[PDB]
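Enquirer: Pasting in a structure now, in structure tokens, and then I'll have a few things to ask.
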2 protein chains.
Amino acid sequence: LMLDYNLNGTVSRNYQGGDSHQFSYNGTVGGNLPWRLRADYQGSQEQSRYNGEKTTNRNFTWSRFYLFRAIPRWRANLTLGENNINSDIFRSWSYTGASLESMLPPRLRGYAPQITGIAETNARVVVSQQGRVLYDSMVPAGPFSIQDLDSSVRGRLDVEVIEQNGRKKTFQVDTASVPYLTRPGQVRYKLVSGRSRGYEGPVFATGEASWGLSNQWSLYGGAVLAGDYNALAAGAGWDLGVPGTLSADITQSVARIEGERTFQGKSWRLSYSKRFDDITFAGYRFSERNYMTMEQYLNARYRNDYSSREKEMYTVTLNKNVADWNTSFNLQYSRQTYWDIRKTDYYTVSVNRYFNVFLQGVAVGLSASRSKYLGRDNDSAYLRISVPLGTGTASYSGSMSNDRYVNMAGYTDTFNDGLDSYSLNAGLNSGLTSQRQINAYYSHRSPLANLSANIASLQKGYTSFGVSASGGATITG
Amino acid sequence: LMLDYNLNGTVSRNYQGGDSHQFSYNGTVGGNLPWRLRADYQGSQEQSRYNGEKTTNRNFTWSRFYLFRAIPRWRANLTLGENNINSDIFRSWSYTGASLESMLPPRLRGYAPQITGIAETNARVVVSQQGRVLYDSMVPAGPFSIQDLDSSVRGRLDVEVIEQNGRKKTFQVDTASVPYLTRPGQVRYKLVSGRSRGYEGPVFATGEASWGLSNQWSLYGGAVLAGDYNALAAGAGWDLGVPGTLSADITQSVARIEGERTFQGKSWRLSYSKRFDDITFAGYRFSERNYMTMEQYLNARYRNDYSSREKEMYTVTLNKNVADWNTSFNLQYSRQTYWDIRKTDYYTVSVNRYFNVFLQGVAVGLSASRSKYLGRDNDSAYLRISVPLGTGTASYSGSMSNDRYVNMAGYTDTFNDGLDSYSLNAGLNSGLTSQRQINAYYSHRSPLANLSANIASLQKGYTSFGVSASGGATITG
Ligand SMILES: CCCCCCCCCCCC[N+](C)(C)[O-]
Ligand SMILES: CCCCCCCCCCCC[N+](C)(C)[O-]
């Protein structure tokens with residue numbers, strides 16, 4: 001019986017008084033009985049004490065836990081228990097039930113949705129989808145690129161960057177929606193049944209299939225039979241060569257909510273993907289005022305929420321490594337508009353060049369990003385020149401988050417071959433009298449157990465300490 | 001005695017009443033007596049009639065006219081009369097006097113500053129620098145790329161896009177400031193003298209030179225001796241190979257204005273350029289509160305203007321043609337900040353892909369840009385699919401200027417091999433009840449004489465007719 005723990009803990013004081021605690025954990029229990037196991041758990045506890053009020057927000061749940069078993073001979077996998085639907089045609093909601101679903105040319109499957117951004121401090125970053133916790137551990141200040149996500153992540157993700165000074169900056173990233181294509185002989189499909197979760201739960205079945213026409217083309221369809229909510233979708237997909245693959249989808253919905261009225265709508269979606277084995281992906285989507293996803297409907301029927309009616313959604317992704325002049329470029333953009341509320345443009349860019357000027361690998365990196373700090377836009381840029389000095393490396397950093405700019409000097413030293421490392425930094429925040437910053441971050445990365453602690457302190461500001469451990473153990477008595 | 005005329009004329013009516021006239025002209029007189037001639041003239045007249053008031057704004061001037069003569073044997077050219085300083089180290093002001101200045105590896109000289117943007121209507125676009133008229137003729141609605149500029153344009157340009165509906169959108173473009181480098185043996189220099197113009201005029205001399213150190217490097221300097229304004233500048237330049245060339249400059253200023261005070265300041269400037277014979281240029285500049293250019297000083301002493309104190313200026317330019325997947329990409333960006341006023345970010349992007357889907361060269365183009373419409377930001381995007389149909393080509397266009405979006409259908413036919421062409425368009429503006437749009441644009445492009453007329457009419461809107469002729473003639477009695 002396997003366990004995959006992930007822990008976080010942080011303590012901090014204010015220069016005005018307050019203490020606060022933060023402990024979070026998430027992980028997965030696995031078991032083997034052709035009957036396989038998978039239980040995802042996640043929880044957190046937060047406390048704060050000011051002049052008069054302590055506050056506490058505490059949460060725990062099994063996001064999802066189910067049994068799944070492989071079958072030799074339909075190349076299909078059966079899974080039953082509490083899960084989440086993962087579709088290449090429909091969007092996601094959580095459910096209890098079972099499902100039967102069909103390794104083949106990568107150019108047709110989905111890949112790991114690498115999330116990127118920028119942190120003012122040494123910050124804990126949590127990536128989620130719906131309520132499910134996909135990633136939440138600490139990051140050292142500066143641009144960050146989380147490439148630890150489950151091979152099967154789909155849809156758009158919710159990222160929260162909780163900074164050491166108490167500022168929560170949040171944004172959204174859209175994972176690439178790779179064309180649901182197939183090779184002529186084969187057939188891809190996904191037929192799921194059960195009742196929708198967490199709002200007993202309305203009964204629903206959903207099917208989705210991908211036919212292999214005799215050309216470099218392929219047609220797919222799917223339907224959602226939820227009763228008060230039904231949706232049908234058909235789509236055409238086309239394969240190319242190295243110039244990537246492509247596809248388009250039209251999907252209509254019928255939703256009937258009590259004494260409220262009845263909504264009808266469709267949404268068209270065009271997506272292109274040139275990744276295989278430089279990755280580039282561009283996707284588009286435009287949906288009607290009355291078109292709703294299974295999720296949208298549910299929040300509408302059970303929670304009385306009709307907010308966030310999607311209109312148009314553009315999303316571009318380019319991670320191109322020109323080994324040629326020794327520079328990598330990554331772009332993650334996602335513009336999203338609505339019928340009821342204001343547009344929401346989220347992006348993050350970075351370009352890293354490796355130089356030779358005096359000895360090897362002097363590094364200059366420029367990064368820029370925009371997220372949201374409490375409704376209002378938060379716009380950042382980061383400039384870092386790093387000089388490698390033996391097993392260590394000294395660096396200078398210039399940060400510009402909104403109207404507050406930070407200057408940083410620091411030395412980082414690595415050991416155990418890159419597994420462990422330890423860095424000390426000192427700097428100045430100005431943008432409002434200036435403050436001196438002192439900060440140290442330590443990391444240990446063994447494959448069976450990771451661990452990392454960091455301590456930070458701002459003048460007339462805050463002072464906090466945080467640890468973050470994650471590893472693998474077998475819990476069987 | 002040569003003449004290079006350029007004319008524009010437009011008439012239009014309002015749906016509420018008004019008529020208006022617009023006539024502009026600019027050109028250059030040339031003459032040969034080793035004594036060469038060059039006279040630039042420019043003028044315009046505008047009239048309007050509403051309920052009660054007609055108005056008229058009329059202007060004419062010889063921007064600049066001077067004599068210049070080549071000399072065999074110092075590979076230098078002497079020019080005297082009323083001109084404008086053009087320096088690779090200093091910024092521009094206009095002056096009466098004479099100058100002596102030093103074809104050689106392109107990687108060190110300057111190129112044609114191609115200006116780009118987007119027009120709602122069939123619009124006349126005027127490009128200028130200081131007050132001097134560099135370009136002003138009509139453009140057919142959609143993205144536009146003016147590549148007619150004098151080989152020697154330097155500094156940043158002022159672009160105004162006067163639309164057929166009466167909306168003036170304006171912005172700024174920074175021409176690439178190519179590194180003032182030289183080959184070891186040779187020496188580049190520029191020593192100018194006279195009095196500053198148009199505010200008799202303060203006396204000034206200015207010198208600038210480029211030495212050829214024995215490496216792929218090169219050092220340059222220059223000074224401005226204006227009396228109440230002095231400035232000295234030194235800079236290092238470095239040449240590479242195909243990875244372009246580079247350079248950095250530090251320049252200090254001393255300005256003394258009466259009973260006002262005395263300003264001191266410097267500004268650092270780093271510029272990289274990878275163009276020769278795909279062009280890419282990135283430049284940076286950061287100047288002190290009290291640092292002033294010769295121009296800045298003059299507006300300060302003679303016009304009592306201390307506005308627009310430059311702080312930081314970033315500028316990027318990328319025009320890369322991937323013949324490989326038959327698509328071109330052009331990016332013109334320029335962020336500019338100040339000490340006294342708000343930031344000013346101007347940009348324009350476009351990507352054009354040529355397809356094959358049914359016959360040859362079906363075209364999809366996406367363009368986006370941001371300029372200023374009366375203090376406020378004006379943000380546009382344009383989508384155009386064009387299908388070639390013999391000597392003609394039918395197209396569909398989607399425009400989005402701010403909150404007003406336009407849909408357009410149109411057929412264009414070309415003849416005389418691309419020299420002449422004629423297109424008719426019809427569309428809808430919605431963003432405020434919608435309106436039908438009818439528009440035709442004709443162009444004739446013979447090398448000795450160009451001419452173009454266009455007629456446009458919006459429902460419950462405006463209705464205008466415009467002509468634009470430009471050619472070469474010899475006026476000698
Ligand atoms: C062995 C096959 C695995 C079970 C596949 C489930 C798909 C059946 C769907 C039918 C309807 C289910 N329902 C009505 C309860 O939602
Ligand atoms: C034949 C050489 C061409 C004339 C070059 C002019 C540079 C001389 C500058 C000295 C000062 C001129 N000044 C004081 C009137 O400005």
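The chains in the structure tokens are called A, B, ... from first to last as shown; in each chain the residues are counted from 1, and the ligands are counted from 1 in the order shown.
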Give me the residues near residue 472 of chain A as an MDAnalysis selection string, where near means some atom within 12 Å (using only C-alpha atoms) and where sequence neighbours in that chain fewer than 3 positions away do not count.
Expert: chainID A and resid 1:7 27:30 446:451 469 475
Enquirer: Around ligand 2, out to 7 Å and counting only C-alpha atoms and all ligand atoms, which residues are there? I want them as a VMD selection string.
Expert: chain B and resid 78 98 to 100 191 to 195 203 to 205
Enquirer: Please produce a file of those selected residues containing N, CA, C and O atoms, as a tab-separated table (two decimals), in the first residue's frame.
Expert:
chain	number	residue	atom	x	y	z
B	78	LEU	N	30.21	68.05	-47.82
B	78	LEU	CA	29.99	69.33	-47.17
B	78	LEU	C	28.59	69.80	-47.53
B	78	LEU	O	28.18	69.75	-48.69
B	98	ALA	N	26.45	75.09	-41.82
B	98	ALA	CA	27.14	74.13	-42.67
B	98	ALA	C	27.68	72.96	-41.87
B	98	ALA	O	27.75	73.01	-40.64
B	99	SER	N	28.06	71.89	-42.56
B	99	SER	CA	28.56	70.69	-41.91
B	99	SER	C	29.48	69.89	-42.81
B	99	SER	O	29.31	69.85	-44.03
B	100	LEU	N	30.44	69.23	-42.20
B	100	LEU	CA	31.36	68.39	-42.95
B	100	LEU	C	31.28	67.00	-42.32
B	100	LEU	O	31.53	66.85	-41.12
B	191	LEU	N	31.22	66.96	-38.06
B	191	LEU	CA	31.44	68.24	-37.38
B	191	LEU	C	30.58	69.34	-37.98
B	191	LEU	O	30.76	69.73	-39.13
B	192	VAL	N	29.62	69.83	-37.19
B	192	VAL	CA	28.60	70.73	-37.70
B	192	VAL	C	28.58	72.04	-36.92
B	192	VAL	O	28.86	72.06	-35.72
B	193	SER	N	28.26	73.13	-37.60
B	193	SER	CA	28.19	74.45	-36.97
B	193	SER	C	27.10	75.36	-37.47
B	193	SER	O	26.75	75.34	-38.66
B	194	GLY	N	26.61	76.20	-36.57
B	194	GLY	CA	25.58	77.15	-36.93
B	194	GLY	C	24.76	77.69	-35.78
B	194	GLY	O	25.25	77.81	-34.65
B	195	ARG	N	23.50	78.03	-36.06
B	195	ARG	CA	22.59	78.53	-35.03
B	195	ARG	C	21.25	77.81	-35.10
B	195	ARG	O	20.72	77.55	-36.18
B	203	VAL	N	24.13	80.31	-31.12
B	203	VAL	CA	25.22	79.70	-31.87
B	203	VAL	C	25.66	78.38	-31.24
B	203	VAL	O	25.68	78.24	-30.02
B	204	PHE	N	26.01	77.42	-32.09
B	204	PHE	CA	26.38	76.09	-31.62
B	204	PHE	C	27.32	75.40	-32.61
B	204	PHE	O	27.16	75.53	-33.82
B	205	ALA	N	28.29	74.66	-32.08
B	205	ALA	CA	29.00	73.65	-32.86
B	205	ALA	C	28.85	72.27	-32.25
B	205	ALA	O	28.68	72.13	-31.03
Enquirer: Hey, which residues sit close to ligand 1? Say within 12 Å, counting only C-alpha atoms and all ligand atoms, and write them as a ChimeraX atom specification.
Expert: /A:68-71,74,76-81,95-102,189-196,201-208,223-227
Enquirer: Could you dump the residues just selected with N, CA and C atoms as a compact mmCIF listing (two decimals), in the first residue's frame?
Expert:
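Printed below is out_28.txt as written:
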# COMPACT_ATOMS: atom_id res chain seq x y z
N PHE A 68 -9.53 0.97 -10.31
CA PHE A 68 -9.43 0.89 -11.75
C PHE A 68 -8.66 -0.36 -12.09
N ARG A 69 -9.02 -1.00 -13.20
CA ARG A 69 -8.40 -2.26 -13.60
C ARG A 69 -8.22 -2.33 -15.11
N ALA A 70 -7.05 -2.78 -15.55
CA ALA A 70 -6.77 -2.89 -16.96
C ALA A 70 -7.35 -4.17 -17.53
N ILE A 71 -7.67 -4.14 -18.82
CA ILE A 71 -8.20 -5.31 -19.50
C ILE A 71 -7.40 -5.61 -20.77
N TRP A 74 -9.49 -5.30 -24.86
CA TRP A 74 -10.10 -4.14 -25.49
C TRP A 74 -9.24 -2.90 -25.32
N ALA A 76 -8.72 -1.26 -23.17
CA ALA A 76 -9.51 -0.34 -22.41
C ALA A 76 -9.29 -0.53 -20.93
N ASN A 77 -9.53 0.55 -20.18
CA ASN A 77 -9.38 0.51 -18.73
C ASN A 77 -10.73 0.86 -18.09
N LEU A 78 -11.09 0.10 -17.06
CA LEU A 78 -12.33 0.32 -16.35
C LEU A 78 -12.00 0.94 -15.00
N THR A 79 -12.72 1.99 -14.65
CA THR A 79 -12.49 2.66 -13.38
C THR A 79 -13.79 2.98 -12.67
N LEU A 80 -13.91 2.59 -11.41
CA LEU A 80 -15.12 2.90 -10.66
C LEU A 80 -14.82 3.39 -9.25
N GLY A 81 -15.63 4.36 -8.82
CA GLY A 81 -15.48 4.97 -7.51
C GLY A 81 -15.79 6.45 -7.69
N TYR A 95 -17.65 13.41 -9.97
CA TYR A 95 -18.73 12.44 -10.03
C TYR A 95 -18.36 11.16 -9.29
N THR A 96 -19.36 10.49 -8.72
CA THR A 96 -19.24 9.09 -8.36
C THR A 96 -19.82 8.18 -9.44
N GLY A 97 -19.02 7.23 -9.90
CA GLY A 97 -19.51 6.17 -10.76
C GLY A 97 -18.39 5.35 -11.37
N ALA A 98 -18.68 4.73 -12.51
CA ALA A 98 -17.67 3.95 -13.22
C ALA A 98 -17.53 4.42 -14.67
N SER A 99 -16.46 3.98 -15.32
CA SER A 99 -16.18 4.40 -16.69
C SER A 99 -15.34 3.38 -17.43
N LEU A 100 -15.57 3.28 -18.73
CA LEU A 100 -14.79 2.38 -19.55
C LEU A 100 -14.19 3.23 -20.67
N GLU A 101 -12.86 3.23 -20.77
CA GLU A 101 -12.18 4.01 -21.79
C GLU A 101 -11.13 3.24 -22.55
N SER A 102 -11.04 3.54 -23.84
CA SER A 102 -10.09 2.91 -24.73
C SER A 102 -8.76 2.89 -24.01
N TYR A 189 -12.44 6.02 -27.56
CA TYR A 189 -13.76 6.21 -26.99
C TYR A 189 -13.73 6.33 -25.47
N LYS A 190 -14.83 6.81 -24.90
CA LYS A 190 -14.91 7.04 -23.46
C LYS A 190 -16.36 7.14 -23.01
N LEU A 191 -16.86 6.07 -22.40
CA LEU A 191 -18.25 6.01 -21.98
C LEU A 191 -18.37 5.92 -20.46
N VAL A 192 -18.92 6.97 -19.86
CA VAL A 192 -18.91 7.11 -18.41
C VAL A 192 -20.32 7.28 -17.86
N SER A 193 -20.55 6.75 -16.66
CA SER A 193 -21.86 6.85 -16.02
C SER A 193 -21.84 7.04 -14.52
N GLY A 194 -22.85 7.74 -14.02
CA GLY A 194 -22.96 7.97 -12.59
C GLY A 194 -23.82 9.15 -12.19
N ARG A 195 -23.48 9.76 -11.06
CA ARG A 195 -24.19 10.94 -10.57
C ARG A 195 -23.22 12.04 -10.16
N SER A 196 -23.57 13.28 -10.48
CA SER A 196 -22.66 14.40 -10.31
C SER A 196 -22.50 14.77 -8.84
N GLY A 201 -27.43 13.33 -6.03
CA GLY A 201 -26.73 13.88 -7.17
C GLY A 201 -27.38 13.36 -8.44
N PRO A 202 -27.73 14.26 -9.37
CA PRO A 202 -28.37 13.93 -10.64
C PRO A 202 -27.65 12.83 -11.39
N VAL A 203 -28.42 11.92 -11.98
CA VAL A 203 -27.86 10.83 -12.77
C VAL A 203 -27.47 11.29 -14.17
N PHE A 204 -26.37 10.76 -14.68
CA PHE A 204 -25.85 11.17 -15.97
C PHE A 204 -25.03 10.06 -16.62
N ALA A 205 -25.15 9.93 -17.93
CA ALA A 205 -24.17 9.19 -18.72
C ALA A 205 -23.54 10.08 -19.79
N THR A 206 -22.30 9.78 -20.15
CA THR A 206 -21.60 10.52 -21.17
C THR A 206 -20.70 9.62 -22.02
N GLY A 207 -20.79 9.82 -23.34
CA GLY A 207 -20.01 9.05 -24.28
C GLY A 207 -19.25 9.96 -25.22
N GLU A 208 -18.13 9.47 -25.72
CA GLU A 208 -17.27 10.25 -26.59
C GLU A 208 -16.45 9.26 -27.42
N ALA A 223 -21.56 12.97 -26.44
CA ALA A 223 -22.81 13.51 -25.95
C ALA A 223 -22.85 13.47 -24.44
N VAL A 224 -23.71 14.29 -23.85
CA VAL A 224 -23.87 14.29 -22.40
C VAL A 224 -25.34 14.17 -22.15
N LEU A 225 -25.74 13.10 -21.48
CA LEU A 225 -27.15 12.89 -21.19
C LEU A 225 -27.27 13.04 -19.69
N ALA A 226 -27.60 14.25 -19.24
CA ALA A 226 -27.73 14.50 -17.81
C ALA A 226 -29.17 14.71 -17.38
N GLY A 227 -30.10 14.67 -18.32
CA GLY A 227 -31.49 14.87 -17.97
C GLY A 227 -31.87 16.32 -18.16
Enquirer: Just need the residues of chain B within 12 Å of chain A, counting only C-alpha atoms, so spit them out as a ChimeraX atom specification.
Expert: /B:242-244,324-326
Enquirer: Return as a PDB file with N, CA and C atoms, in the first residue's frame the full set of residues in segment 132-322 of chain B whose backbone-based DSSP assignment is alpha helix (DSSP H).
Expert:
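Saved to states.pdb:
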ATOM      1  N   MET B 294      19.376  68.752 -26.956  1.00  0.00           N
ATOM      2  CA  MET B 294      19.434  70.117 -27.437  1.00  0.00           C
ATOM      3  C   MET B 294      18.017  70.648 -27.642  1.00  0.00           C
ATOM      4  N   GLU B 295      17.143  69.783 -28.154  1.00  0.00           N
ATOM      5  CA  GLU B 295      15.755  70.134 -28.434  1.00  0.00           C
ATOM      6  C   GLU B 295      15.049  70.474 -27.145  1.00  0.00           C
ATOM      7  N   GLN B 296      15.081  69.527 -26.212  1.00  0.00           N
ATOM      8  CA  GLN B 296      14.446  69.684 -24.905  1.00  0.00           C
ATOM      9  C   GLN B 296      14.802  71.034 -24.292  1.00  0.00           C
ATOM     10  N   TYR B 297      16.090  71.379 -24.338  1.00  0.00           N
ATOM     11  CA  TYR B 297      16.614  72.640 -23.808  1.00  0.00           C
ATOM     12  C   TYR B 297      15.977  73.826 -24.516  1.00  0.00           C
ATOM     13  N   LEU B 298      16.013  73.794 -25.838  1.00  0.00           N
ATOM     14  CA  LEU B 298      15.450  74.866 -26.626  1.00  0.00           C
ATOM     15  C   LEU B 298      13.979  75.107 -26.284  1.00  0.00           C
ATOM     16  N   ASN B 299      13.160  74.059 -26.249  1.00  0.00           N
ATOM     17  CA  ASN B 299      11.751  74.267 -25.913  1.00  0.00           C
ATOM     18  C   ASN B 299      11.652  74.828 -24.501  1.00  0.00           C
ATOM     19  N   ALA B 300      12.697  74.591 -23.715  1.00  0.00           N
ATOM     20  CA  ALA B 300      12.763  75.038 -22.328  1.00  0.00           C
ATOM     21  C   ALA B 300      13.148  76.499 -22.202  1.00  0.00           C
ATOM     22  N   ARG B 301      14.114  76.929 -22.998  1.00  0.00           N
ATOM     23  CA  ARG B 301      14.566  78.303 -22.932  1.00  0.00           C
ATOM     24  C   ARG B 301      13.629  79.229 -23.694  1.00  0.00           C
ATOM     25  N   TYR B 302      13.353  78.876 -24.942  1.00  0.00           N
ATOM     26  CA  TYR B 302      12.535  79.730 -25.780  1.00  0.00           C
ATOM     27  C   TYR B 302      11.028  79.589 -25.728  1.00  0.00           C
TER      28      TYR B 302
END
Enquirer: Using DSSP assignments from the backbone, pull out every residue in segment 244-344 of chain A that falls under strand (DSSP E) and give it to me as an NGL selection string.
Expert: :A and (245-257 or 261-273 or 279-287 or 310-322 or 327-338 or 344)
